[PDB]
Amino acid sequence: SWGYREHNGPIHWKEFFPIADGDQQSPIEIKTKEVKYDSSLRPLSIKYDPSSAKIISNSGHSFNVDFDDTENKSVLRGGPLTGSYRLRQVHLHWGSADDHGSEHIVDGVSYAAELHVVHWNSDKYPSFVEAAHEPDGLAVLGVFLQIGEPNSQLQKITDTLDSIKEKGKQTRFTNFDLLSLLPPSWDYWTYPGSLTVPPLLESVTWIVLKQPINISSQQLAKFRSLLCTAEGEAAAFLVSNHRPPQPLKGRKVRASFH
């Protein structure tokens, strides 16, 4: 029963998930003056098939778009990764107001929201759930969202939100154009970290894109009408679902670009 309310939110997660105070926790603050370009990163390769998307659901902590994950039709390769990481899921973090809501923060700048694209190493591991317990098991792309003119590529998502208002609701979601949610430039920072939700496993290679995409205020507010509660339960709203940055504790952040 972890969440982002007073009693169950990020400050208390260490109570049930001791790795919360680990050495490779996410998200982080990126201090660009201390980041080093790395010419050894390969081009990032994103191959995504809209037909791989299957369902969207309200997990109680965000919406999750889940992808068919026994095929290599949608994979992330290149960059800092060895081998092929299979697309598993997309979800979004925001705050209760537009001025902050991202998980990563760049030279003290906090965007309105942050989209995460979760992939796992099917070249080494038998399932997403196994790969989540391995250091090179997961790769997550982060995209920032900044308040600006509305983004038409969010429509397929926002159109489904009334249907998944309560925790545990789901609805069919295919032919999703994920590629078009990414910004035009894919320059990124990368570092070793963790899931930003319980169980907070340290199995993620983060790839955080420098260029934000837009969202309007009116679009972002729709996400905050989702509930963190199930049907028949006193309603509570998911107005904020972002973890604060954790300390780098010795890790260094690399950049794809100079």
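All residue numbers refer to positions in the sequence shown, first residue = 1. Take the two forms, find the largest set of C-alpha atoms that superpose within 1.5 Å, and that set is the rigid core.
Enquirer: Please tell me which region, 31-39 or 187-195, has C-alphas lying farther from the displayed form on average in 9 other deposited structures of this protein, with superposition done on the core.
Expert: Taking the RMS over all superposed structures in 9 other deposited structures of this protein, 31-39 lies farther out.
Enquirer: Which has the higher mean CA temperature factor in the PDB entry, 178-186 or 90-98?
Expert: According to the PDB entry, the answer is 178-186.
Enquirer: Tell me which of 212-220 and 26-34 has the higher mean C-alpha B-factor in the deposited entry.
Expert: The recorded data point to 26-34.
Enquirer: Going by the CA temperature factor in the entry, name the top one among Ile46, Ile55, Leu41, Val197.
Expert: Largest recorded C-alpha B-factor: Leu41.
Enquirer: Split into thirds by Cα B-factor across the chain's modelled residues, where does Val143 land: lowest, middle or highest?
Expert: Within its chain, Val143 is a lowest-third residue by C-alpha B-factor, going by the deposited values.
Enquirer: Quick one: classify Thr205 as lowest, middle or highest third of the chain based on its Cα B-factor.
Expert: It belongs to the lowest third of the chain when residues are ordered by C-alpha B-factor.
Enquirer: Using the B-factor values recorded in the entry, state whether the Cα atom of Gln170 falls in the lowest, middle or highest third among the modelled residues of its chain.
Expert: Its C-alpha B-factor, which the entry lists for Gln170, ranks in the middle third among residues of this chain.
Enquirer: Could you say whether, by C-alpha temperature factor, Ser84 belongs to the lowest, middle or highest third of its chain?
Expert: Its C-alpha B-factor, which the entry lists for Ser84, ranks in the middle third among residues of this chain.
Enquirer: Would you check the entry's CA temperature factor for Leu227 and let me know if it's in the chain's lowest, middle or highest third?
Expert: For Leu227, whose C-alpha B-factor we compare with every modelled residue in the chain, the answer is the middle third.
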